[PDB]
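Same protein, same chain, two forms; see structure 1 and structure 2 below, as structure tokens.
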Structure 1
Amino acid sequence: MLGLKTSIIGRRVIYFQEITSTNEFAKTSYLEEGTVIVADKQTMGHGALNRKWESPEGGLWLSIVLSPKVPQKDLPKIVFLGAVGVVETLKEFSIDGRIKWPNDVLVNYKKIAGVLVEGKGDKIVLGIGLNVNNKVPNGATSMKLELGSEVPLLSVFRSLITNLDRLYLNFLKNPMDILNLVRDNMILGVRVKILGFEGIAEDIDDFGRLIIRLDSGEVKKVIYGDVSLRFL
């Protein structure tokens, strides 16, 4: 009844009135590739780097089962796939979201979505949380807030699945296409601080590593997880 027309992602969706986490379920079950896990609300919502994620009713909380079979060197791009996928969906709904390295999409620098990718040997789980009509944390935003009115939940789903499927197929054709989309869609020129030097977030490399320009002019590359970063 969903009327989806994709090749791999979205060929089967499994819906839950509620659940602890779509990502956990996706990981713990034997599911074909492209299967989507979607719940009205999650209670044990998860976030990148052991953080938590608010999944109140009215938003879109989903997980996609993927099996790309790609060199390790391309595995860092999967998170980008989801972010860019979201950016393109918001574009359809006339919302301008930009990427905050490397898993958050923002609108006027307020968080509206986040990506979380988990590994399970052969299995790869792409989790995406986007704020639609749900209630949100201070400093965050939603499509309903952005547009000032209720947004058709299904329509956002159909849209997003559709972009992620396309982006996935092209990723299997040339995993280098995403990098450009990201470079062309992420926040840049912002002075950041690394804890544990400071500089400018001027770019990413072919592994998705943030490229910081120090004040002297030297360059430093950041690996996600290895350091704490903040906007100034």
Structure 2
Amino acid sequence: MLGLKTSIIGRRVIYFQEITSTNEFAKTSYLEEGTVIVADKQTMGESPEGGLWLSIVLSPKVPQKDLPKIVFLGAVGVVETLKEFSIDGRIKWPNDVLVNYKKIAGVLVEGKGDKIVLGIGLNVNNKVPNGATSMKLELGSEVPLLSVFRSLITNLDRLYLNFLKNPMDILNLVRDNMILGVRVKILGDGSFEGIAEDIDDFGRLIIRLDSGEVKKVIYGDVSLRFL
């Protein structure tokens, strides 16, 4: 009934009225590649009704080092879908999507054995905390979740197929949609402060500290705050 016209992502979709977290379920249960887990609400994500909470199971046959690029696949997918709804989203390394500097979506990737779980949380019609925003607030009208879901899954499927053929291509795409060349404060890792200049082949953030040292920050235990 969902009418998805995708190759891999979305061949199977499993919906729950409520669950601890879509990522949790995806990591602890066997699901065929491309399976999408979606829920009206997440108990231990407290992701409210109205938002789009999902996880996608992937097992790309690409080098072990190219795996970290999956978070970017999710972020770009969100940016593209937002564009279709006339919203301009920008990526804040390594996994957030901002609209006029307010967070509208976040990506969480986790590995479990030979499978990767791509989690995406997008504020659509749900209430959001101060500082954040939603498609509803940005458009001044509620937007049908199914519409956003179909758009996002279709964009992600296309990006994933291209990624499987040429893993390196996503890098330039994420760069053109990422906020770079600005001062940032790293949360986690070494808590560095400096100029976020670029991302490398692995997806690490290349930052120049005020001391002049240039460091590469890895994804995982990190978040950024623009200064």
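We call the rigid core whatever largest set of C-alpha positions still superposes within 1.5 Å between the two forms. Structure 1's sequence is the ruler for residue numbers, which start at 1.
Student: Do you see a C-alpha shift of 2 Å or more at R213 between structures 1 and 2, with the core held fixed?
Tutor: Result for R213: yes, a 2 Å-plus shift.
Student: So with the rigid core superposed, the C-alpha of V227 shifts by how many Å between structures 1 and 2?
Tutor: Between its two positions, the C-alpha of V227 lies 6.3 Å apart after core fitting.
Student: In Å, how large is the CA movement of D96 between structures 1 and 2 relative to the superposed rigid core?
Tutor: A shift of 0.5 Å at the C-alpha.
Student: By how many angstrom does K69 shift at its CA between structures 1 and 2 when the core is held fixed?
Tutor: So the C-alpha of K69 has moved 2.1 Å between structures 1 and 2.
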